[PDB]
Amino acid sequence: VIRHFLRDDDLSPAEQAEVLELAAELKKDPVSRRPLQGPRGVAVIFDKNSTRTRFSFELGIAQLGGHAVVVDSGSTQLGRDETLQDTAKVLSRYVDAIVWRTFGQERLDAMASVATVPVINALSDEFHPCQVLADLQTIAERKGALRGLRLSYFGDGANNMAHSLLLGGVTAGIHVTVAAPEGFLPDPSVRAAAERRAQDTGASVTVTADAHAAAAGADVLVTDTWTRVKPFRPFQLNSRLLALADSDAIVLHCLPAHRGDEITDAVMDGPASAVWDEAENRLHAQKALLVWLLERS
């Protein structure tokens, strides 16, 4: 009966809509929801540090009335001195949710199968579903309804943002295109899962090496750091590519950006950019996710 969020498709289309509505409500009234008043605890655990992820979760948990107990790298990695299952059993006595940044999906699934509190994938090798919640919140702010929009992601199509934009995007009814060079394409099982979910929402999945075609008529253009660099240079999100999009298109980028590589100063700082609101919305979207999971768990 305990709900987890390890990958974007763990929410149904209707559930994702609820979380995104909650994110908009919490952005307007950031201390109106206090499910963790007490304070109650939430564990925020990093096998590898991610300062931006820790910052967003730590403040968000505090604004829900709770106390984040943060476990950094440098500390004993989880599972090193104790079985994962033993640690999960005790954690479930101390905190009301477990937020975890680890690498393989195997470890996340193992924790979710045993823990009796919700487990959230803060960021992993395969998915980055909290950032895509924030992306979807950002798109809804700038454009309104998500269903039927065209979103193109450019660059490394095998990384966690590509996978999550596929799954999270089609869950929202967005037609998702991944524009990537050969050998950096989506994981085939992720692509299949997105194609299947798209059948329910009227969305679609496209994977192409043609950056021009992916930009043409796009409503949302996304990229992410590339880490040779040489296969990705034709996919740089520059002014020439942006000029092909639909009017009022917006540009997203999980920060940090490497200006001059995957994205140019002119695109980052121009009027289509929504990267600053997008970064802020990690706070609101993650708070919404926690509120929603806690209420069901």
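Heads up: residue numbers just count along the shown sequence, starting at 1. Just so we're on the same page, rigid core means the largest C-alpha set that superposes within 1.5 Å between forms.
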For a rigid core alignment of each structure in 9 other deposited structures of this protein onto the shown form, which stretch has the higher root mean square Cα deviation: 79-87 or 135-143? 79-87
When the core is superposed, where do the C-alphas shift more in 9 other deposited structures of this protein: in 166-174 or in 88-96? 88-96
Select one of none, 1 to 3, 4 to 9, or 10 or more to describe the deposited residues without coordinates separating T227 and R228. 10 or more
Look up the CA B-factors in the entry and say which stretch, 22-30 or 236-244, has the higher mean. 236-244
Mean C-alpha B factor from the entry: is it higher for 38-46 or for 252-260? 252-260
Quiz for you: based on the deposited Cα B-factor, which of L151, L185, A97, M161 is highest? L185
Check where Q77 lands among this chain's C-alpha B-factors and tell me if it's the lowest, middle or highest third. highest
Taking the C-alpha B-factors as the PDB entry records them, is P129 in the lowest, middle or highest third of its chain? lowest
Of the three thirds of its chain by CA temperature factor, lowest, middle or highest, which one includes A192? highest
Hey, what third does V119 fall into on Cα B-factor, ranked over its chain? lowest
Would you please rank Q199 by its C-alpha temperature factor against the other modelled residues of its chain and give the third it falls in: lowest, middle or highest? highest
